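As structure tokens, the structure follows; a few thoughts come after it.
Protein chains: 4
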Amino acid sequence: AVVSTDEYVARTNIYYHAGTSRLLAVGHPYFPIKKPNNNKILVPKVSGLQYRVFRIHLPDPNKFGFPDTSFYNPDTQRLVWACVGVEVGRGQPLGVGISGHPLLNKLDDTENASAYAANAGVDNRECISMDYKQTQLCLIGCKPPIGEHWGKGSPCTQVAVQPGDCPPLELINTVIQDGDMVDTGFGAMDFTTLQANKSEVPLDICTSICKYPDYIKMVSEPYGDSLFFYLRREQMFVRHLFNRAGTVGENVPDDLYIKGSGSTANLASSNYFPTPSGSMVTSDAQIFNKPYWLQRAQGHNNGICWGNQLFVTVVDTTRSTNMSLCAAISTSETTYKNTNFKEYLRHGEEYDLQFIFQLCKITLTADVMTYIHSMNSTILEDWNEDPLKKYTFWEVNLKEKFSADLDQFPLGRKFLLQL
Amino acid sequence: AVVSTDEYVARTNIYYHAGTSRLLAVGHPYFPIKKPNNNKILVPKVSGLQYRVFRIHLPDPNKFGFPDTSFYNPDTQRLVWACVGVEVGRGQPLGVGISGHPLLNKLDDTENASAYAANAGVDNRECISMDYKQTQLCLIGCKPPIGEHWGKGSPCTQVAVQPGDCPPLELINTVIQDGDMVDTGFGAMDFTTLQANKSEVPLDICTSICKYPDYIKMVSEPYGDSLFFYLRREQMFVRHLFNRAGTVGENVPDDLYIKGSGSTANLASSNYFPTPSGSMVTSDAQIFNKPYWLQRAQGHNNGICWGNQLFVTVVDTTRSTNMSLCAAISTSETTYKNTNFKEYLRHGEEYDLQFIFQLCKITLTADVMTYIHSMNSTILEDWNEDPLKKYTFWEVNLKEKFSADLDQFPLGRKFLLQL
Amino acid sequence: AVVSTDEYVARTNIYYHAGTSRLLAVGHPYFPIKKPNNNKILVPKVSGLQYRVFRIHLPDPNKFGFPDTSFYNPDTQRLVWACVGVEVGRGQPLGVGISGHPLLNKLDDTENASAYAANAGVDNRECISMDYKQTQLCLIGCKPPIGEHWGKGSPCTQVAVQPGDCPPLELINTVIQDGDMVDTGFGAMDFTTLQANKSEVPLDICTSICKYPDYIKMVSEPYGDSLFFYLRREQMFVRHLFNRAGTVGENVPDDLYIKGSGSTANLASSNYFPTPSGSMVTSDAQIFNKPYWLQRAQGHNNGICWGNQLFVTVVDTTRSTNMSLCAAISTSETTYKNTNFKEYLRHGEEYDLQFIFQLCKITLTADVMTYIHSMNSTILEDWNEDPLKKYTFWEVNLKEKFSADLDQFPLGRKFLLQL
Amino acid sequence: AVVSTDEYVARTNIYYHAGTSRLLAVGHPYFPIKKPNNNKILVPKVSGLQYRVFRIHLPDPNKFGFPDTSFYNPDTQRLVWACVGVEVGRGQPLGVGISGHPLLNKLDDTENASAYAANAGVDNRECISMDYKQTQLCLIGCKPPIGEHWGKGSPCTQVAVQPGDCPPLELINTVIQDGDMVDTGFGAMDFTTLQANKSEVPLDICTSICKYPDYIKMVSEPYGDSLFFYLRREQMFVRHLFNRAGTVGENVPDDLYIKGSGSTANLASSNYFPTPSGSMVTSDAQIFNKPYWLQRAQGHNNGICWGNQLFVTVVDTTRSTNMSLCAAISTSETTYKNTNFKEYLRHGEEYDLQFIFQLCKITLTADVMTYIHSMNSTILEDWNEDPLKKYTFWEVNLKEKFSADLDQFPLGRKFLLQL
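Residue numbers (our numbering), protein chains in the order written: chain A, 1 to 419; chain B, 1001 to 1419; chain C, 2001 to 2419; chain D, 3001 to 3419.
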């Protein structure tokens, strides 16, 4: 049996404030800039379609330098930090960003014809681009966020295929790491393995995984340690409608229509896909830059930063606008000249994490002691290998950032005017 | 230690009104009109994408001609002006402006093609226009506002570039003076130095710096002197999808795709870039011609016009509509003739500022005298060079404008029915 | 010193209903149809882009036939109407009206191009049309409404131009007379003088003035006699993007770009201009057909129809639909022939005004008599030339319309159930 | 003088329920299907642009078999039915209908030209379609609803026209009978007579009359018999812009422009017209399927079903989707063949009318018997020729449908939970 941390946790009236003065990221919107031969990234991918998963490091209270230590008993009760205030500061102008591919598998427009189209010269791919689904979302937990996407989940043992017989899909749950790819409107899934074509979706994603947060499974989580706060805001629509060029993988059944004549007697690809478009971004609808008061929570854990760890997962499209820049090869020329300028694409991203933490304690009884055990062994052990080694989050160290006086910060100032 | 001025500043029951009878601006919407030889601006840039930073001059209350002087003590305490009411009125019909470049670096349309693009001669630039993202904001403080953009921040000492190797971006904070360019859809930056192309963006901006207000930074400001009241309203989307022409700055790695054949076997600019769109302007969203009540403020300064200075920063695109006028060369002709009429662009801005000020007093004690010194030295010293010498704002002189009886003014009359 | 009329004016509990049974206007949407040689207008211009400025005439209460006269004293106090209730009724189905010019100065579409535009011969004017900005507004006052628009305000005495040297803009206030042109999309100004071209804007305006109510200036009225009640609801956006043909007025300075080659060696007109669009008209947003209660009013006057005059300025585009009708030349033909029908365009307009007046009185003391003198002389005089002789408003005579029982009208019936 | 029926009518505590189990209509969306020689409509026009005027027949109460008769006195007081509840239920999916004409008088697109259009030979007509304005309305009276629309109201005696000289419009009121055309975005009028042309507007209208409820008249109605409950919900917009082919009815005055040269020297039809568009229909806007409670009404009558008559007028575009169906000529062919299938277009409409009526009595006094008489003579008379003989309404007999116990009906169940 599980129960509200509000049971076994005690809350004190000691509040601290904490926040990275201003994070920054700058890169290239689709792919990483590395050496021609070497594999070192002299510039990294940085788009507004990557989930920024921050890992907040919190000082052990159990050792923190408190100006007083009467509020608690070092012998029976140990201290836990607790979150109540989070505000995910974004500091970039709202705009939209565009992604694309030089060789997009796109046959012909299907939105509206005027004549059954022509024969694909073999290879018909073309250069087209779009504006991905708008997705604004933030997740807070003391455990990493868990997404989902499709993929190929090695077969049923029988007919080990004739190269081609389409992939076994299989829902795959996974840890959302900083850097992963949001849904963009083409589903969530593994492009690198579902699409051998290597060119059915813009440059940034065709080589990646498009992950979507398994709310359902996270909320279904017992201890409710995954996320306790979270707010999503996603919206997209059909902009164009297109046809996948390529061979027929499965044939349209001959009972669904009737044969043609010459032109109409050879069927055009009946595999259509549409490009998405996250409509107009609006200020009146920002999730960020807005304070989230975590006083209560439908889940059992309620802001108990077990492990002194905090996981903030943000995904923000509204300020995706990647800028281009070009530089000249020589200042001589008096006349524009196509091969006299080099063109580049970059994208910035300005973050500003804000936090308000509540000091707590927990006297360790028998049933206490066993629960904290039966829940997370480490908590007791730690209390005085890393399962998160295999993962990569944006690491944040807030240990020398805590401050008691919220009278000196924007986020306390407000938190103080609420409670 | 900082603390709401509500602490060390006393509030009287004294309220004065003041506002510019009518400000007006008229210019050319992309670039200034000067002598061909001389560089004196006969007509100046006047667009709806310019921050209109207004600098309000208040008479020194410690000197102002008051029809009573009992309420305070000229010996121990000193009068400071406080603001509580502000209405940024706006005097022109709503509408949109459009901007453009006669040689915009656009290669082909990428939104949808029908066969692989034909190669590029040299200078495929064309004449293109758009309607920038609708931005509507107003920022009030005692200090000028502080914007941010991207810029080339002198490198890392090593490989001093082969002309071309892309610039070092670096977020640069700055004073947002009257007249700078608003974000327009194309992110916040200095175009003059990231774009040597001299033509990646409309005529008004390619030679300019697009500056977005670093709220994060001014709200995290301690004393909170930058802004204490501010409302933003932005919205934009992708109108079109274009390719930047010119040379491959960085190559697409050969694992994100597959080669092709003849036509497809030569990849066309994989540098997309979209034009923005500031959708329908609706009156039902106006931020101006509405009164702003500065009774409270999350920032510790609350109305204290330290120095008797006030800084109102406005961005108003809803009224960007720029009108063309043409004059004939001669009224003789009876039949239209393209070269019988000169064609001109103009833009107008009607402004009206409104204020309500509450007179305050501060009795100078030890810890007062010290705070007011530790904050802003000048206060004490002014109290009886210009750090804003290097900037330009719309100098406003209200000294001879204050008026006790609100009973005579629409802002007053509103304010008096509020309190 | 000015003061709310609630001061010097006395409110009785006598209430009257008054309102034209049903007005009607029918004309041609773009221009007046007059004699080929004579200049008398056999049909007039009637479109949903002209300010309907009604001039309500009210019976002198000081002479009106009241069934009793004991509620006031005919020697010291004088009667005056007040307004509390107005309902601007519209009775045509909602729709939109299209306007256009068969030789609109339009070069080429700048929205997105495919290759640098081919020079212009001479006269590349073309026939285009559009759906102006949707503007719903209603204004109410004792005086006439006051607009604003730009025009040429005779120069600075120096270089009296080389025909061509663009016009001096100048904001120009004026009396919105019934019939003037509202804002349509192309801002507020005098097309007949700013544009010698005589074909930069639809056929209904290119010869007219487009006027916008100087709110700001009327609000800032001390006596608040202009308007006291008023509501606006305007919206527009850019449907297309065009290039103005004609001669370069002012040249793009050569530091804004870089020369080109052949095609791109010679710059295409850089004076873009957009066609507006009042999008979808929705019932759910009607200003009219809605009763407006005038119980209060930020302006000092409050319903005091001084002189017994009421001005109701209305603008309604939502019922702009102009229908076309075509007569035959003969019912002979059994085949459709282009030159066998004549095509005409007409537009209808159904108004229905509604008011509720509250009888009043003012005892004429010293400071009363003086104030009513220093405000508006005539009041005391009339009380027992026309300044608005030089204007034209839809004249309405409501003298034989007043009724005391509101138990018999819809406006009333509602009024009754309000108070 | 008139007065609320709540005066002279007496309201008992008797309530009944009543409603057609399920109306239904099925026909052709534009025009009627008849015999080639004969004129009998083997299938009728059933679109959703036809006001569906219902006529509700209620049983005389003064005769109805009631399970008690103590509540009134068969001698002095007489019984009238009264409505309080109504719910026009709608049983067909939301959708849109599209309307068109194979020869519509469209010259050329004016939205955006690229060069002066080419002259028109004869008969430029082409085949266009659209999606009329979205109208949602429902009107309830004891009298039938009174429309409006423009017509030719025979001239002024002077110059009995030269065939062509355009028609005299005149607004003509009239009874809205079942089957009539709604407004469809081309205004309210009679196309049969204003448009000799016989193809300026989609097939289903061109030969009818579009009539729009004269609310202003009906509501100004003294007895308020017309309607007493009503709710309207229209929205439309300009989808494209066209030119009306045909001869100049009336000339552009030569002062609104300037002569051209060759192409531009000969003006294109200045008669533009737009096609409309009932934008997306949304669930969340349903006037229907929702119950209307008539407990009050601004109108004197208040649900007194004088004559036991009830006039429900409904207009529902939102479920306008007309389905096309095609049967082969022969199951032989193994190849699609144009002339081997006949194509037809049918439209369904599922109504369900719901009511709740309240049993009344009125004691026959003097002033009662007089009023009753100076309003509607019949009332008294009937009380124990058809003026609506000449009209056509969907007849609905609920005489054998009345039921006391609302405990057994959805509309009751609801009315019951309100009162």
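We put the CB at the ideal spot given by N, CA and C, even for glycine.
**Prompt:** So, using beta-carbon positions, are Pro3163 of chain D and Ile2041 of chain C closer together than 8 Å?
**Reply:** Taking the first residue of the fourth sequence as position 1, residue 3163 of chain D is located at position 163. Taking the first residue of the third sequence as position 1, residue 2041 of chain C is located at position 41. No, the Cβ-Cβ distance between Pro3163 of chain D and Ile2041 of chain C is not below 8 Å.
Spell out whether any CB of chain C is found under 8 Å from the CB atom of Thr282 of chain A.
Stepping through the first sequence from its first residue, residue 282 of chain A is reached at position 282. Chain C, which has no Cβ nearer than 8 Å to the Cβ of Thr282 of chain A, makes this no.
What ranges does the beta strand (DSSP E) occupy inside the stretch 2284 to 2333 of chain C, keeping only unbroken runs of at least 3 residues that lie completely in it? Complete beta strand (DSSP E) runs here, min 3: 2291 to 2293, 2309 to 2316 and 2323 to 2328.
Query raised in the report: Is the beta carbon of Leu1079 of chain B sitting closer than 8 Å to the one on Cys1360 of chain B?
Result: One-based indexing of the second sequence puts residue 1079 of chain B at position 79. One-based indexing of the second sequence puts residue 1360 of chain B at position 360. In this structure, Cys1360 of chain B lies closer than 8 Å to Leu1079 of chain B by Cβ.
- Chain-ordered neighbours of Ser3114 of chain D on chain B, where CB pairs are closer than 9 Å: The residue labelled residue 3114 of chain D in the question sits at position 114 within the fourth sequence. Chain B residues near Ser3114 of chain D: none, gap ~14 Å exceeds 9 Å.
*Around the Cβ of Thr1331 of chain B, are there at least 16 other Cβ atoms within 10 angstroms (buried) or fewer (exposed)?*
Numbered from 1 along the second sequence, position 331 holds the residue referred to as residue 1331 of chain B. Exposed, because fewer than 16 other Cβ atoms sit within 10 Å of the Cβ of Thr1331 of chain B.
If contact is defined by three or more beta carbon pairs under 8 Å, each pair taking one atom from either stretch, is the stretch 2048 to 2057 of chain C in contact with the stretch 2177 to 2185 of chain C? yes
Would you kindly work out how many angstroms separate the C-alpha atoms of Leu3256 of chain D and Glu1250 of chain B, rounded to a whole number?
-> Residue numbering aside, residue 3256 of chain D sits at position 256 when the fourth sequence is read from its first letter. Residue numbering aside, residue 1250 of chain B sits at position 250 when the second sequence is read from its first letter. Near 56 Å, if we compare the C-alpha coordinates of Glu1250 of chain B and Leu3256 of chain D.
Quiz item: Using a Cβ-Cβ cut-off of 8 Å (strictly less than) and excluding sequence neighbours within five positions of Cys3083 of chain D, which residues of its own chain qualify?
Solution: Position 83 of the fourth sequence, counting from 1, holds the residue named residue 3083 of chain D. Cβ neighbours of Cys3083 of chain D beyond the five flanking positions: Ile3140, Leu3294, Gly3303, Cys3305, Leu3310, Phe3355, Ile3356, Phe3357 and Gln3358.
Hey, does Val1026 of chain B have any beta-carbon neighbour from chain C nearer than 8 Å? Translated into positions along the second sequence, residue 1026 of chain B becomes position 26. Closer than 8 Å: yes.
Partner residues on chain D for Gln2408 of chain C, Cβ-Cβ distance less than 8 Å
In the third sequence, residue 2408 of chain C corresponds to position 408, counting from 1. Correct list: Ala3001, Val3002 and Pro3222.
Legend entry - Beta carbon proximity, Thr3335 of chain D to chain A, threshold 8 Å: Numbered from 1 along the fourth sequence, position 335 holds the residue referred to as residue 3335 of chain D. Contacts with chain A at 8 Å (Cβ-Cβ) include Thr3335 of chain D.
- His17 of chain A, enclosing beta strand (DSSP E) - first and last residue: The residue you call residue 17 of chain A lines up with position 17 of the first sequence. Run containing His17 of chain A: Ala10 to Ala18, per the beta strand (DSSP E) assignment.
Q) Using 8 Å as the limit for Cβ to Cβ distance, is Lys259 of chain A near chain D? A) In the first sequence, the residue the question calls residue 259 of chain A occupies position 259. Chain D, which has a Cβ nearer than 8 Å to the Cβ of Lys259 of chain A, makes this yes.
| Residues near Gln1195 of chain B in its chain [Cβ-Cβ closer than 8 Å; skip 5 each side] | Along the second sequence, read from residue 1 onward, the residue named residue 1195 of chain B stands at position 195. Correct list, in chain order: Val1201 and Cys1206.
For residue 949 of chain B and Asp1352 of chain B, what's the separation of their Cα atoms in angstroms?
The structure shown does not extend to residue 949 of chain B, since chain B is modelled only from 1001 to 1419, so the question has no answer here.
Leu2171 of chain C versus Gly2299 of chain C: straight-line alpha-carbon distance, rounded | The residue given as residue 2171 of chain C occupies position 171 in the third sequence. The residue given as residue 2299 of chain C occupies position 299 in the third sequence. Roughly 25 Å separates the two Cα atoms.
In this structure, does DSSP put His3149 of chain D in helix, strand or coil? Here the question's residue 3149 of chain D lines up with position 149 in the fourth sequence. Coil at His3149 of chain D, not helix or strand.
(Q) Our contact map puts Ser2261 of chain C next to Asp1123 of chain B with C-beta atoms below 8 Å; I'd like the distance itself, whole angstroms only. (A) What you label residue 2261 of chain C is simply residue 261 of the third sequence in a count that begins at 1. What you label residue 1123 of chain B is simply residue 123 of the second sequence in a count that begins at 1. Indeed, because the Cβ distance is near 5 Å, the residues count as touching under 8 Å.
Of all the beta strand (DSSP E) runs that stay within the bounds of the stretch 3077 to 3121 of chain D, which reach a length of 3 or more residues?
Whole beta strand (DSSP E) segments, 3+ residues: 3081 to 3086 and 3099 to 3104.
field: Closest residue to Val2086 of chain C among C:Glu2349, C:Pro2067, C:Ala2025 and C:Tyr2016 (Cα-Cα distance)
entry: Residue 2086 of chain C sits at position 86 when you count from the first residue of the third sequence. Here the closest residue by C-alpha is C:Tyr2016.
Item checked: CA-to-CA distance, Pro3410 of chain D to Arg3090 of chain D, given in whole angstroms -> Counting from 1 along the fourth sequence, the entry for residue 3090 of chain D is found at position 90. Counting from 1 along the fourth sequence, the entry for residue 3410 of chain D is found at position 410. Taking the straight line joining both Cα atoms gives about 14 Å.
- Task: Check whether the Cβ atoms of residue 1991 of chain C and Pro2145 of chain C lie closer than 8 Å to each other.
- Result: Chain C is shown from 2001 up to 2419; residue 1991 of chain C falls before or after that span and cannot be answered.
What residue does the alpha helix (DSSP H) around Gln2418 of chain C start on, and which one ends it? On the third sequence, residue 2418 of chain C is found 418 positions in, with the first residue counted as 1. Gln2418 of chain C -> alpha helix (DSSP H) spans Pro2410 to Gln2418.
Alpha carbon of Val1315 of chain B to alpha carbon of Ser283 of chain A, nearest angstrom: As a working note, residue 1315 of chain B is residue 315 in the second sequence. As a working note, residue 283 of chain A is residue 283 in the first sequence. Answer to the nearest angstrom: the Cα atoms are 14 Å apart.
Q: Would you mind stating whether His2149 of chain C and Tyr2072 of chain C have Cβ atoms separated by less than 8 Å?
A: Counting from 1 along the third sequence, the entry for residue 2149 of chain C is found at position 149. Counting from 1 along the third sequence, the entry for residue 2072 of chain C is found at position 72. No; because the gap between Cβ atoms is not below 8 Å, this pair is not in contact.
inquiry  = Does the stretch 3094 to 3114 of chain D come into contact with the stretch 3390 to 3407 of chain D, if we say contact requires no fewer than three beta-carbon pairs (one atom in each stretch) closer than 8 Å?
reply    = no
Check: Quick one: what's got a C-beta closer than 6 Å to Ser320 of chain A's C-beta in the same chain, skipping five residues either side?
Finding: In the first sequence, counting from the first residue as 1, residue 320 of chain A sits at position 320. Here the set comprises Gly48, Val96 and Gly97.
Measuring alpha carbon to alpha carbon, tell me which residue in C:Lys2342, C:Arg2233, C:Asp2190 and C:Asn2338 is nearest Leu2137 of chain C. Here the question's residue 2137 of chain C lines up with position 137 in the third sequence. For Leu2137 of chain C, the nearest C-alpha among the options comes from C:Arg2233.
| message | Please list, in chain order, the chain C residues whose beta carbon lies closer than 7 Å to that of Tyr3272 of chain D. | response | In the fourth sequence, the residue the question calls residue 3272 of chain D occupies position 272. The contact set of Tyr3272 of chain D on chain C, defined by CB atoms closer than 7 Å, consists of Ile2098, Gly2100 and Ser2129 in chain order.
Have a look at the DSSP bridge pairing and note the partners of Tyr132 of chain A.
As a first step, residue 132 of chain A is located in the first sequence; it is residue number 132 there, counting from the start. BP columns for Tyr132 of chain A are empty, so no partner.
For the alpha helix (DSSP H) containing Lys1217 of chain B, name the first residue and the last one.
Walking along the second sequence from the start, residue 1217 of chain B turns up at place 217. Where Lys1217 of chain B is concerned, the enclosing alpha helix (DSSP H) stretches over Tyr1215 to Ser1220.
| What is the DSSP secondary structure of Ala366 of chain A, reduced to helix, strand or coil? | The residue you call residue 366 of chain A lines up with position 366 of the first sequence. Collapsing the DSSP output to three states places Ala366 of chain A in a helix.
* Asked: Whose C-alpha, out of C:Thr2334, C:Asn2301, C:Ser2279 and C:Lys2342, is nearest the C-alpha of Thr2317 of chain C?
  -> For this step, residue 2317 of chain C is matched to residue 317 along the third sequence. Checking every option, the nearest Cα to that of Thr2317 of chain C belongs to C:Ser2279.
**Prompt:** Are the CB atoms of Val53 of chain A and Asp178 of chain A nearer to each other than 8 Å?
**Reply:** As a first step, residue 53 of chain A must be located in the first sequence, where it is residue number 53. As a first step, residue 178 of chain A must be located in the first sequence, where it is residue number 178. In contact: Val53 of chain A and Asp178 of chain A (Cβ atoms closer than 8 Å).
ask   = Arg3125 of chain D: buried (16+ other C-beta within 10 angstroms of its C-beta) or exposed?
value = Indexing the fourth sequence from 1 puts residue 3125 of chain D at position 125. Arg3125 of chain D should be labelled buried.
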